[PDB]
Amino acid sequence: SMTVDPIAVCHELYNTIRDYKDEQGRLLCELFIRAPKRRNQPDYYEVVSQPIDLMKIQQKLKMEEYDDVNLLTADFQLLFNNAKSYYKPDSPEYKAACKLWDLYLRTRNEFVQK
C-alpha cells in the first residue's frame, strides 16, 4: 500500500524472517540468532566491525524502535552483509543470508507497493 503503518509492517517482516522454512524444512534464521562473541572469534571480527543478530533485532522491536521500515531494512542489511563478509559462498550461512535477505525484500515490497 502507499500508506502503511511502519510499526505494523516491521513486526510482520521480523515475523517473516523468524518463521520461514525453506523447502527442506530448515528454519534458516537459526543461523542468525546470536552473533559470535567478540572475545571468542578473532577471525570473524577481522572482517566484521559492527555485529548484529536476531536477539538484538527482537529487543529493538520490543522497545518499539522500528517506526520506519528503513531502520529495520538497515539492520537486516547489516545482519546479512556481516554473515557474507566472513562466510564464503558455499557455506550454509552465506546461502541462508542471501535467501532471507531476498525474502525480506520481497515481503517488504508487497507491504509497501503502490
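Just count from 1 along the sequence shown to find any residue number.
When the Cα B-factors of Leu71, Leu27, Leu78, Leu61 are read from the PDB record, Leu61 comes out highest.
When all modelled residues of the chain are sorted by CA temperature factor, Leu54 is found within the middle third.
In this PDB entry, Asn15 carries a Cα temperature factor that places it within the highest third of its chain's modelled residues.
For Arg34, the recorded CA temperature factor ranks within the middle third of the chain's modelled residues. Among the modelled residues of its chain, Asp22 has a C-alpha B-factor that falls in the highest third according to the deposited record. Among the modelled residues of its chain, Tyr66 has a C-alpha B-factor that falls in the highest third according to the deposited record.
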